[PDB]
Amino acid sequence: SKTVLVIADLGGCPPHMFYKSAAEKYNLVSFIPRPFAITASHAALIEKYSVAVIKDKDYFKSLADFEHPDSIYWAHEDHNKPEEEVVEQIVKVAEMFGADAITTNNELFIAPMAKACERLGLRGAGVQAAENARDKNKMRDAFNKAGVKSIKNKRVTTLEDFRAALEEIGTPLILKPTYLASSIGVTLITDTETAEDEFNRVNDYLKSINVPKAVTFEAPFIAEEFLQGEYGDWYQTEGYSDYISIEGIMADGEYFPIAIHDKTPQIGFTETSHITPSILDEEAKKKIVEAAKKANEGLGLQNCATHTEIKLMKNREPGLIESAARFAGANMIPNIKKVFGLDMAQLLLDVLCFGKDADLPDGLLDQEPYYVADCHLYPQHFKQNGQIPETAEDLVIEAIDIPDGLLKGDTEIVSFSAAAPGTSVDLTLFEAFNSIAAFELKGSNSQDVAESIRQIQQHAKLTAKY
């Protein structure tokens, strides 16, 4: 048999699939470096499917530190431990249990996990490649080197640094952190000269969030070109957006594409829905693939899952927004299984343990029996039909209801879940920590699923305290 070590923490392939998928085929062992990062339902899936579990004991100081929260937007809690230490912890756990492989669904641990794998002679992302995938400046340089759509980009520390960039890069302009997630601090520029009395506010805002002491950024911000979208050169119907993600496996340095996902449009920069698989035509998908191939091999990644965001630009130029050496979040990975029957968690484990003896698809998965959409509603969506006032520093919610007749064609609601009756929702916090409803749709016609979603976003009834 084979023993897989999982560094268990937030994001990526969700726990409700990951542990069962892994334990089906492997002896699963869990390391939990951040016990506070672990929801109650998460802990329960860890304990249920792992033959062994270790938590970093330094975290527990009283009995109440043994409490599991119901939900965690982000680990807003100091992890004051340098990278070399994390690596050591991982190596130690892997040796204690004779791990044949190490994976993680959490970005924060990708770098250190690569280092341990190399030291242990196990398959991994590759030490340098993981560095590249974790510093945005290094990720950019590598992409340019790899020959995918190349754009201007400067490291940014001060405002004195901000001037030289704004002047060079121009409008539209993106400035964002080198190391963080959930699009925090990621700032847009359509006005030309307010940027300054607006860079100095988002310079501070990065000093309230928390990451571990183990993610190296050689400069705090990057500035680079905003990738302009051109919806009409790509999609043939309304309902999607001008970006996509594609999911893949890297095996032995080679990129294997699995599935591309369509999106419904964002709100600000918060994502709303992921549709499995894309309706995009085969030529378009071939360009998307080709670009993710170059990007990811361009990082040097060896053995890992990938999640790559690509902006659909004019002339069908695919523009690399970002790639990570871990599974997509939300429900994308489960939905790939439901549609095609392929379990990408298992597939990656087969790669970590057996290399190209794993059964990797030859090209994107095809012959989808139907489309599955992973969708979320947010407060903004309702404020986007009036339901919320613009002074309303909070609101409380009793029910969210989907009237009948919104579904187009054979679309169908598979599941739906609303936030708890009496739920306190402060409306001066980011929306991507603020999903107040969640639904899945199935259907054999993509444009209608997509349209059915627009309709739910429009007409779903909130009942709440104004």
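Note that residue numbering follows the sequence shown and begins at 1.
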item	value
Residue range whose averaged C-alpha B-factor is higher in the record, 52 to 60 or 416 to 424	416 to 424
Higher-B stretch (mean Cα B-factor, as the entry records it), 22 to 30 or 404 to 412	404 to 412
Residue selected from 365, 358, 336, 164 by maximal Cα B factor	164
Selection from 177, 253, 341, 257 [criterion: highest C-alpha temperature factor in the record]	177
Where the record places residue 332 (Cα B-factor, split into thirds across the chain)	lowest
Ranked C-alpha temperature factor of residue 242 among modelled chain residues, by third	middle
Among modelled residues of the same chain, the CA temperature factor third for residue 235	lowest
For residue 65, the third of its chain into which the C-alpha B factor falls	middle
B-factor third for the C-alpha atom of residue 371 within its chain	middle
